[PDB]
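So here's one chain in two forms, each on its own in structure tokens, numbered structure 1 and structure 2.
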Structure 1
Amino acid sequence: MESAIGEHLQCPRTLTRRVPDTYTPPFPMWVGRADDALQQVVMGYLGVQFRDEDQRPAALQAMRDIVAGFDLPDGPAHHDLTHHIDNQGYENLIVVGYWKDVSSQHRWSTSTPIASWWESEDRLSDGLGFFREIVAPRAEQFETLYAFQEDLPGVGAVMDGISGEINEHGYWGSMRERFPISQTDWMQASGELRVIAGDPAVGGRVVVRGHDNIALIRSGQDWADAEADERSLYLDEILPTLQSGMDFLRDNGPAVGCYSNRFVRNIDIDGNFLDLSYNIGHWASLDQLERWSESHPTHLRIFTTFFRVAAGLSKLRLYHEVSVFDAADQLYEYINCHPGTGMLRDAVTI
């Protein structure tokens, strides 16, 4: 059987799996593949925040400027746009871009068209909140799991292609084992989430410094091609419980180790909803994310439903990507966002 860890990233283990190498998964799953050219990716989540209905035109146009900036040299290899209303009632458009290396994203960010737009005084007088949550896991610091083989969303889009049926899945602890670095490293968290510039209670520019081995999960649902029955299976049977789980993490973040939970729905360039959604969740450690997914009733119910219905899924597309990062490989900037926005909520003030 094929391994989730790419050939060039396999090495002598100093840490072992929780199942023997004879283990056989209960159903097929697939991972994203990439050769040694893919060393470190950049996942850049770029947000526009607004409270009122009359702010929408300005917000959508700002989103369109950001997307136009991707056509410039060194733009992201892939991107998608989403919408959500957070628990303070604020609307958030988020553009996620994926780069294949660190230096391209740096060149892109620092280029005059992009850096000037960002550093501009207008951003302080548009009435809108802006943020950038940019994280850069090495190849060994992320894993992908797909219940499908074709047209990979998320970070899978910037990888080479799809693996065969992989071994390391279908049990709790399998996620950890799909991180190549888990062969040698505990991905243990240390440090605090801290403001290093500004004051969230005052608005304006605020910078938050991440700490080592914060985790980021993008877990997605794509029901766009689903027929009536499968449409109803996901939307009427699975989602209600997923919704409940997303609400819990959103409103009970501190209690379980979740810095920020977002349940977003994809949009087109004009801001119409598409039939894909996903979770963007930031975690104080990977093992807290492990503890929630394996113990909380909401996830446990959908997990079980999946086991029951997996063989019969035809068009419903489910997947995740999970990441951990060094302190230095994280950047979280907020301009005029409300104090509960993303990494602002739990960041210790200076």
Structure 2
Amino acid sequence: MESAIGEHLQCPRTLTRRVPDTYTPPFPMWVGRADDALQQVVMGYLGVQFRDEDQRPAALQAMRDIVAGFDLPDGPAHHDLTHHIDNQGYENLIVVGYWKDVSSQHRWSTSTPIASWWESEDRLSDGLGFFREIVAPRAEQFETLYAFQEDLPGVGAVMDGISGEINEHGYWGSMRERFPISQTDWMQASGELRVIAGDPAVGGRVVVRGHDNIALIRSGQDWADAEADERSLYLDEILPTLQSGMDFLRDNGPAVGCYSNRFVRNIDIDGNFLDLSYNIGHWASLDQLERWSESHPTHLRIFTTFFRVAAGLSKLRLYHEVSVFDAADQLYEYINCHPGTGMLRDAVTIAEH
């Protein structure tokens, strides 16, 4: 069988898998493929936050301004738009951009139209919240998994194509093994999520730095092309269990090591909902993510519910991408967001250390 790890990323092992090499997965799954040109990507989650209805026009315009900047030289190779309401009752529009290299994203961010917009006094006077959560995993530091082969969302869209059926899935610990770095590295978390400028409690501009091997999961659901009975199966049987799990991570984050949990629905440029959704989850460690997925009743309920109704599925599209990052390859910037936004909730404040 094909391996989840790209040919060019395969190397002499020092760390080994948890299954013997006779292992054969019980069902087909696929991963994104890319050659050695794709060395390190940039995932940039750009947000607009508001709570009052009268702020919606301004927020939607801000989102449109951000998307317009994505067309400029060195804009991202791919992007999508989402909406969610957080546990403080704030609406959040997030545009996620994927760049195929670090220098392009840097040239983009430092260009006049983009840099003057982000540094503008308008950002403090708009009354909206703004954030940028920008992470740059190397090709060895992310893994994908798709229950389909065509039209890959997320990071898959900036990769070169699709694999054949892969071996490293269908057992807990398989996510870890799909990370090419797992051949060598434990991806052990160390350090603190830290405020380096400002104060969350006062608002204004706040900058947060990450620590070694923060993990980010984007796990998605696409039911747009499903027919009547299958859509009914996702909506009636699968989603309530998924919602319960998302609610748990959103409201019990510190207890399990989840810095931020967002359950988001795709939108068009006008804010209308599309039949695609995903979790955006930031974790204190890959291993804390492993433990929750494999042993918390919430994901296990999702897991067993899936296999119970799996026979009636065919058009539903389920996938995830998971990334870990060097300490230095992350920045989380906030402007006028509430103190529980993203990395602001759990970051250690400047006095605190």
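Only the largest set of C-alpha atoms that superpose within 1.5 Å between the two forms is called the rigid core. Shifts are known only where both forms have a C-alpha. Residue indices: 1-based, along structure 1.
Colleague: Which one of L313, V67, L38, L60 is the only residue whose C-alpha moves by 2 Å or more between structure 1 and structure 2, after superposing on the core?
Modeller: None of the others reach 2 Å, which leaves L313.
Colleague: With both forms fitted on the core, how large is the C-alpha shift of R301 between structure 1 and structure 2 in Å?
Modeller: Here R301 registers a C-alpha shift of 2.1 Å.
Colleague: What's the distance in angstrom the Cα of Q105 travels between structure 1 and structure 2, core superposed?
Modeller: Comparing the two forms, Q105 shifts 0.2 Å at C-alpha.
Colleague: Could you state, for a rigid core superposition, the Cα shift of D21 between structure 1 and structure 2 in Å?
Modeller: So the C-alpha of this residue moves 1.1 Å.
Colleague: Considering only residues modelled in both forms, extract each run of at least three consecutive residues whose CA displacement is 2 Å or more throughout between structure 1 and structure 2 after core superposition, in sequence order.
Modeller: Run found: 304 to 313, no others.
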